[PDB]
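Participant: Experimental structure and sequence below.
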Amino acid sequence: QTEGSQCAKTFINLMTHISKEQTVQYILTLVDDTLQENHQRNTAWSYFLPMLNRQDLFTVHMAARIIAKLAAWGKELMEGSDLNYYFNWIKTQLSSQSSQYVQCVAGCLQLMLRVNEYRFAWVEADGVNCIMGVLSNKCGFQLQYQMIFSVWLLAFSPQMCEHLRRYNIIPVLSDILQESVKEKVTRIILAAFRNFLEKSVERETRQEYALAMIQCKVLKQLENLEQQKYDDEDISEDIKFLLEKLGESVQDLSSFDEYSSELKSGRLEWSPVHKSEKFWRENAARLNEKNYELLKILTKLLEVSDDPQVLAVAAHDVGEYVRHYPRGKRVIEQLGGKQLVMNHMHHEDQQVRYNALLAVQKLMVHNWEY
Amino acid sequence: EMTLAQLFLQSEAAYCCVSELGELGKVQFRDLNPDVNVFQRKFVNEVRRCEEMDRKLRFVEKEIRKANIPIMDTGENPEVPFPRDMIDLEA
Amino acid sequence: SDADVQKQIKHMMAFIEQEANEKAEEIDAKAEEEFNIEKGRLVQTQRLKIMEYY
């Protein structure tokens, strides 16, 4: 039953001029099963696309499965110029208001986004928030598995990686990474984090790390995943790969000049360096080597400005300086920051008073004679 | 009049089935892999995580009495926390 | 009810094909880094020797 070369146009003309749409669907589904393992049969694909998506349920998703496989096969059959008018045509079909057919449409998008040059042409015309709309709550059990595979497919190109940074999709996937239900989307989202981090040629790898890998529950969640004993060696290797990179960048985010860059420029954001024990132990005399009033410049920012969130970082950093340097308590008494921390302990903010309570109690922990 | 009749699971329903099965109380789970040590029972790392929270709870129930604080009871059989909620508990 | 043997063929075979397809499709779509990138390596070796005769 092999050796089929001719009669392709005869099946094409019979497919268009057939009033029995159910028999035309059987003609289309038999053509889909035949082309599932065969070669190319896109001017006819430009003709078959207009008759498709026309008031039929089963014929819509099957032609979409056929035309994307026609797009996923053939070097000369690459019709990305015509697929640009076809991807936006199926983009209204890619809306999240349908039922029981978007999963095959996402699988059709999985074959469509498998291309390289068509993907960069897609993402400009995509509006990828619709894929983030699928990442929004619409019960994505297997739909997010198709969606995270689409994000892993778009994370190949580094030029597409830079355009993908104009969203919070890295932290929007960390919430989906915190799901961990079907034990396969956890495998897909872990390598997609490895794809976004490793395959990006820029200094923005830390910009993709401070967003979701550092300042979210990602490095902590990957600690328990390494404690897990899943049989997949690819996910087991990607777990160690993401832990080594993010563990290096968190250590690289605490070098006492980045803390100085946070101090001198200001705004005192809660970073991992302020909570790291290695940052406070190594940079103990870094405040004293920097003309010690620079440590009082942290105190001048704490005393003068109110800052109900930013002074909370100022309280914990001042106590870590006193904990790693008992002679700095005399320097804090020289600057008078102890009375400033005592008055800031009576602030109306809960986290500011809790941080000042741990700092002021650490300020009198050593108790030299007055 | 009992039967050792087999029952299949799928490991996406391994918690929420068994927990509601353990919310009934008619089941007699029988170990049929006796040729194994007390470790490597597929979940030794996570039962110590419950045991670490057990060690923290047996410690925090001691210090709550030395300061002599009255204890709320509100006695009712609660909902069993999912492994999704488990990582949020250790925080 | 004798359909328990059919319920095994009903939905436990569905767990066979999801690991058959969606784990091999993760492998089959890994040609963007194992077929396109590895092609990008050897074309530099052809452009290393074309920048003498040009």
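Facilitator: Happy to help now that I have it. Numbers count the residues shown, from 1 in each chain, chains lettered A, B, ... in the order given.

Participant: Only C-alpha atoms from now on, for both contacts and neighbour counts.
Facilitator: Will do.

Participant: Output whichever strand or helix holds residue A:162 in CSV with nothing but the alpha carbons.
Facilitator: Assigned by DSSP states H and E, residue A:162 belongs to helix A:158-163. Only the C-alpha atoms of helix A:158-163 are listed here, as CSV (Å, rounded to 0.1, in the frame of the first residue of the first chain):
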residue,chain,number,x,y,z
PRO,A,158,19.5,34.1,22.8
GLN,A,159,18.0,37.0,20.7
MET,A,160,14.5,35.7,21.6
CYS,A,161,15.8,35.3,25.2
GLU,A,162,16.4,39.1,25.5
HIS,A,163,13.0,39.9,24.1
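
Participant: That helix: what's the following helix or strand?
Facilitator: helix A:169-177.

Participant: name the element residue A:108 belongs to?
Facilitator: helix A:102-112.

Participant: Would you mind extracting the C-alpha trace of that helix into CSV?
Facilitator: Below are the C-alpha coordinates for helix A:102-112, written out as CSV (Å, rounded to 0.1, in the frame of the first residue of the first chain):
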residue,chain,number,x,y,z
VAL,A,102,-7.6,24.2,23.0
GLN,A,103,-5.5,21.2,24.1
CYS,A,104,-5.2,20.0,20.6
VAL,A,105,-4.7,23.7,19.6
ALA,A,106,-1.9,24.0,22.1
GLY,A,107,-0.4,20.8,20.7
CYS,A,108,-0.7,22.3,17.2
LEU,A,109,1.1,25.3,18.7
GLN,A,110,3.7,23.0,20.1
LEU,A,111,4.6,21.8,16.5
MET,A,112,4.3,25.3,15.2
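
Participant: Geometric centre of chain A: which residue is closest?
Facilitator: Most central in chain A under CA atoms, centre = their mean is residue A:170, positioned 1.7 Å from the mean C-alpha point.

Participant: what about it, distance to residue A:130?
Facilitator: 15 Å (CA to CA, to the nearest Å).

Participant: all helices of the stretch 1-150 of chain A, in order?
Facilitator: A:8-16, A:21-34, A:43-51, A:58-71, A:80-87, A:102-112, A:117-126, A:129-135, A:143-153 (DSSP state H, counting those that start in this stretch).

Participant: mind checking the longest helix of the chain?
Facilitator: Picked chain A for this. Selection of the longest helix in chain A by residue count, based on DSSP state H, yields helix A:233-252.

Participant: The chain in question should be chain C.
Facilitator: Per DSSP H, chain C has its longest helix at helix C:36-53.

Participant: Over to chain B?
Facilitator: Chain B, longest helix under DSSP H: helix B:44-66.

Participant: relative to helix B:44-66, how tilted is the very next helix or strand once past it?
Facilitator: Next along the chain after helix B:44-66, taking DSSP H and E as the criterion, comes helix B:83-90. Angle of helix B:83-90 versus helix B:44-66, following axes from the mean of the first three to the mean of the last three CA atoms, to 10 degrees, is 40 degrees.

Participant: what about dumping the CA coordinates of helix B:83-90 to PDB?
Facilitator: Extracted in PDB, the C-alpha atoms of helix B:83-90 (Å, rounded to 0.1, in the frame of the first residue of the first chain):
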ATOM      1  CA  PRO B  83       2.300  18.300  50.100                       C
ATOM      2  CA  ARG B  84       1.700  21.600  48.300                       C
ATOM      3  CA  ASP B  85       1.000  23.100  51.700                       C
ATOM      4  CA  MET B  86       3.900  21.200  53.300                       C
ATOM      5  CA  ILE B  87       6.700  23.300  52.000                       C
ATOM      6  CA  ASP B  88       4.800  26.400  53.100                       C
ATOM      7  CA  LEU B  89       4.500  24.900  56.600                       C
ATOM      8  CA  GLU B  90       8.300  24.700  57.200                       C
END
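
Participant: quick one: contacts of it?
Facilitator: Under the criterion CA atoms under 8 Å, 6 or more residues apart in numbering or on different chains, residues A:178, A:179, A:180, A:221, B:53 lie in contact with helix B:83-90.

Participant: what residue is smack in the middle of chain C?
Facilitator: The residue lying closest to the centre of chain C (CA atoms, centre = their mean) is residue C:28, at 1.4 Å.
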